[PDB]
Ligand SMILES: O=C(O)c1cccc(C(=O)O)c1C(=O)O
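Next comes just one chain, in structure tokens: the form deposited without the named molecule.
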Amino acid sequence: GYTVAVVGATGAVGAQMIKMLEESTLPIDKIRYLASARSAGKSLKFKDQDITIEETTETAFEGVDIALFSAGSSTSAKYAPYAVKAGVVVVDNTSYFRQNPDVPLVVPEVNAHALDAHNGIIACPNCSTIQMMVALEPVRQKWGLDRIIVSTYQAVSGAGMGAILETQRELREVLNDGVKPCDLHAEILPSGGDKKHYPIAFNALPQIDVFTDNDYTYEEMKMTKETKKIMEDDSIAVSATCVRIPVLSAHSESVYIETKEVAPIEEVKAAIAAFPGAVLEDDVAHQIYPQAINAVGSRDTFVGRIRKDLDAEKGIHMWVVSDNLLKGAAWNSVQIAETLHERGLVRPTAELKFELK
């Protein structure tokens, strides 16, 4: 069996990582929970056992076979290269290593093969990207992809535990204490790292992450570049608008594509249904489409509202929904680990290609 480590166990994603590891087929001899110095000493369950939380340091990875990181891009930049030096395979849920050519960026159903040439770090893509890739890969395979335009309806759990609490408290202040929404005080959303902060209660904020030089945010640009890397095609045009909405869990996405060849809608429905990790929920006559609340707690990516464009020959609209902390993060990460084990890729790496900080 393996010794597995969760770095960032106490967080929103880390807690889903525990839940997914508990339900995993991965044979674990020893489980460790890692976090910052304040969390060290507290107890936290793995199945029925009590586990002690430990400080994350440069020396804390000896004897570790697999480490799942979800502790923000700062904790991965500092500590992940040391884990690799110690003989760990790191699966990173943060954005830091995602655009490194030495790091495979992986959704198991789409680009499992990229895992074979890993140099110790495997990047988990952005949650909004992952569900889109699940929904679109089966179409790409049969008919090609010319362009994607996507608008997202993203839940607040992606922004961390604090965002959930902020949202819930804003909603209770409006509903119980009768506070105008434009009078609410916010501390986190739209982006903890940015200068100004706005309420999300009864609102739709068209900022996720911070702004880049081209006036798209880092989230939208991650959707663009991560798509090109996962599907291994730099010629796919991707433009996105990323919006936060008053949902705790589950991202929804309105997706528009143009294929390389015309794709009969019923063949598209069938192709998406036949694809692992994607579930067709499309029966408009009985008002069946994917819904965020129904997706909560499930590993699948649910797709419906599939219909052709009213004017573009090759254009298709659809609606994609997934638990953002499961397939969007923790399940993707654990599925990567299960896949690493399937393929005999849980072993030390010989050449370190990631400078130590």
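Heads up, when I say rigid core I mean the largest set of C-alphas that superpose within 1.5 Å between the two forms. Residue indices: 1-based, along the sequence shown.
Asks: Once everything is fitted on the core, do the CA positions of 147-155 or those of 70-78 lie farther from the shown form in 5 other deposited structures of this protein?
Replies: Looking at 147-155 versus 70-78 in 5 other deposited structures of this protein, the farther one turns out to be 70-78.
Asks: May I ask which stretch, 230-238 or 177-185, sits farther from the shown form in 5 other deposited structures of this protein once every structure is superposed on the core, judging by RMS CA distance?
Replies: Once the core is superposed, the stretch further away in 5 other deposited structures of this protein is 177-185.
Asks: Which has higher Cα B-factors on average according to the PDB entry: 172-180 or 270-278?
Replies: That would be 172-180.
Asks: Taking only the CA atoms, which stretch has the higher mean B-factor in the record, 42-50 or 324-332?
Replies: Between 42-50 and 324-332, it is 42-50.
Asks: For the listed residues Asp215, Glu187, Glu258, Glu137, which one has the largest C-alpha B-factor as given in the deposited model?
Replies: Checking the PDB record, the top C-alpha B-factor among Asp215, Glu187, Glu258, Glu137 is at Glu187.
Asks: Highest Cα B-factor in the deposition, which of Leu310, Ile31, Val303, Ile316?
Replies: Going by the entry's C-alpha B-factors, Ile31 comes out highest.
Asks: Could you say whether, by C-alpha temperature factor, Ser249 belongs to the lowest, middle or highest third of its chain?
Replies: Middle third, going by the recorded CA B-factors of the chain.
Asks: Could you place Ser74 in the lowest, middle or highest third of its chain by Cα temperature factor, using the values in the record?
Replies: As the PDB entry reports it, the C-alpha B-factor of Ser74 lands in the highest third of its chain.
Asks: Can you tell me whether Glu226 has a C-alpha B-factor in the lowest, middle or highest third compared with the other modelled residues of the same chain?
Replies: Middle third of the chain for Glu226's C-alpha B-factor.
Asks: Split the chain's modelled residues into thirds by Cα B-factor; is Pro206 in the lowest, middle or highest one?
Replies: Lowest third of the chain for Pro206's C-alpha B-factor.
Asks: Should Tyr153 be placed in the lowest, middle or highest third of its chain by the C-alpha B factor in the entry?
Replies: Its C-alpha B-factor, which the entry lists for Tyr153, ranks in the lowest third among residues of this chain.
Here the subject shifts to the form solved in complex with the named molecule, a form of this protein not shown in this document.
Asks: Site status for the named molecule after superposition of its pose in the bound PDB entry: open, or blocked by 3 or more ligand atoms within 2.4 Å of backbone or C-beta atoms?
Replies: Judged against the named molecule in the bound PDB entry, the pocket is open.
Asks: At 4.5 Å between heavy atoms, only one of the stretches 112-120, 93-101, 141-149, 272-280 reaches the named molecule in the bound PDB entry; which one is it?
Replies: Partner-contacting stretch among the options: 93-101.
Asks: Is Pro81 one of the residues lying within 4.5 Å of the named molecule in the bound PDB entry, judged by heavy atom distances?
Replies: Looking in the bound PDB entry, residue contacts with the named molecule do not include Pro81, since no heavy atom lies within 4.5 Å.
Asks: Although the named molecule is absent from this view, report whether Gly72 comes within 4.5 Å of it in the bound PDB entry, heavy atoms only.
Replies: Yes - in the bound PDB entry, heavy atoms of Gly72 and the named molecule come within 4.5 Å of each other.
Asks: Even though the named molecule is not shown here, does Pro199 get within 4.5 Å of it in the bound PDB entry, heavy atoms only?
Replies: Looking in the bound PDB entry, residue contacts with the named molecule do not include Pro199, since no heavy atom lies within 4.5 Å.
Asks: Does each of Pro108, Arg299 and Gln335 have at least one heavy atom within 4.5 Å of the named molecule in the bound PDB entry?
Replies: No, none of the three is in contact.
Asks: Counting only non-hydrogen atoms and a 4.5 Å cut-off, give the residues of 153-181 close to the named molecule in the bound PDB entry.
Replies: Just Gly158.
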